Structure formats: C-alpha cells, structure tokens
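Below, in structure tokens: the form deposited in one PDB entry, a single chain.
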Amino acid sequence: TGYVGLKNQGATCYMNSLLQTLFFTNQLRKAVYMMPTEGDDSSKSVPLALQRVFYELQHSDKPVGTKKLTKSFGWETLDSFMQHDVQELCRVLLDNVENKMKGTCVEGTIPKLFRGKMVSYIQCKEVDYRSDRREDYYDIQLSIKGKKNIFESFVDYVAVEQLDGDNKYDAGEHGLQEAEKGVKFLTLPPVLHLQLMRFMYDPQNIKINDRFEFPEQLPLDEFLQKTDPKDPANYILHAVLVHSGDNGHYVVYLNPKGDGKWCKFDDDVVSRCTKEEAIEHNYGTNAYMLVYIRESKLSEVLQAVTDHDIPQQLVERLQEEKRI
C-alpha cells in the first residue's frame, strides 16, 4: 500500500478514522505542516501534536501512536468519546488549527476547504413578513430513517416545513401565524463532510442499521438555489467512515489519491480492497460519515506532498522528541 496505520489505545472509537480522513486531505496537511509552533509546549498544544501524528503518518514504517494527541485536547474520562459525535471531534481539531494559522501565509485555509453558506427562512402565508438569516456551515447532518438514499436526504433537508396551530409563528407585529420554514443552499464547499443520523433516541439512544445508499458520484445542482455553468456541484466519494455493532469496531475506507483505488484502514492494518467493499457493502456494518470532494477542486485538494514540504525547525524538533 505504502500507507501506514494508527495504534489502538482503546476507546478512541472514531478518532483514528477521523485522523486518516484529515491526513489524506492533502491541502490541509501542508497547511498544518506550515503552522508556526516553534515555541509551543509539547504536552498541551493541540496544533503541535497534530503535526506529530501527521509527520509520523508520512514517514513511520511502524504503526503510529496518538497518545499525546488525546492528552493535548483532554478527552481522558471513561466516557469522552462515547458521549460525542465525529463532527464534534473534527471541530475541536480544525478549530485549534484555524486559530494557529492567523497572521501567516496560510491563514483561512480551513474555511476555504470546509466552509459553505446556507439560507434559513421563514415566510408568512397570508401576511407580508419574511426573515432571512445567512449561516456558515462546516458539515451537514442527514436524515436516514425512512430514506432510501442521499438524494432523498437532501430533498428532505430542503423540504418546506409548515407552521400550523400549536406551532404557530410569532411575527411580533402580526401576532401568531401560519408560516413555512425552510433551508436552502447558497454554496457547497470544496470538501463536503456529511454525517448520517444513525444514533437516535427511543423509550429510555439507539443505532438504526437500516439500508442507506450513497453513490460514487453526487450531483447537487438540483439543491443549489442558483447554479453555475462553469463550476457545477458534482462530488467524488473520497472517504467512508464505518461502524459495525452496538453496545463495536470503527474502520474507514479511502481512495487517497482520488483515482478510485480503495484501501481499508483498520488501526494498524491497511490493506487494498474493492470498490464494492467500500461503497455498497457499507449500505446496511455500515457508514456514519461520508467525505466528498468537488471534481473541479480534486487536484488542488489532493495535491501531492513531498518529504521536503515539511520545514526544518519542525523536523528537527520531532527527531529529538523521538530520541528521549
């Protein structure tokens, strides 16, 4: 394969799956490597530790470990990971990093890669008041239950809600009202993170192992409020985060370079796999998170990274950390 795996400290759950997804977002990786953490405390800097993992994943020939990272952002209590969603963890990481890039030549890489804009709206049926609020997003959560595939989930996401009695809308000057709330997409990011809502509550939270489908390629101009002839919103499955069981095991399937050559990443064991094993076979063992990249940004996002693309201070500081 060439590619190298992560150690198990146990209970990390989705952490190892997320870390590889980030590592193989090549334009992220370079920018992480270009952050200025010369004079930072090794043991409680998130950005520093993210560089270690990234650097090791690039070079190490043995299973890489993550012990110091877990330490840096302080999830050590017996429930930390069980009690959170992937989107949460991600946010913890890319947050710290967005903030470390401020000032530098790579400032605002994260928003450039993962951020898009949304339009929430409420419209009154017989009366004239509309409320429009714009919103940035860095990920989106999709409805599964009673949905066959992605396309319905989007259709559902943009479905117009109604506001009848018992749930009538307070318009202030015009009192209670029958109204329609919806959501609509202004723009979709180069790198599209989608979470599948599989963990839901009942007489007591539970996992829905129901069959959900996703394609290799995903056109979203349908859902754009206004399209563009030159950059249309088609997307290429890069990553597929998988859980199996209940109480189980968390694996990720990637095609790092983008070419449709797949690999199963199970902690320390990375092995080549079929496309069927990464897509259909995880329709429902099944997927909870999906990563798509936009065809027009594929080459930039997944730009190649040399061993020279790491700075020297960085490299040296790490070498010495290993020695002792």
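We call the rigid core whatever largest set of C-alpha positions still superposes within 1.5 Å between the two forms. Sequential numbering from 1, following the sequence displayed.
Same protein, other form: the form deposited in another entry, not shown, and the subject of what follows.
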After aligning the rigid core, which of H174, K112, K184, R91 is the one whose Cα travels 2 Å or more between the shown form and the other one?
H174
Please determine whether the C-alpha atom of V127 is displaced by 2 Å or more between the shown form and the other one following superposition on the rigid core.
yes
After core superposition, I'd like to know whether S45 moves between the shown form and the other one (criterion: C-alpha shift of 2 angstroms or more).
no
Knowing the Cα distance between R115 and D40 changes 3 Å or more in the other entry, does it shrink or grow relative to here?
farther
Work out whether the Cα atoms of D41 and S60 come closer together or move farther apart in the other entry than they are in this form, the change being 3 angstroms or more.
closer
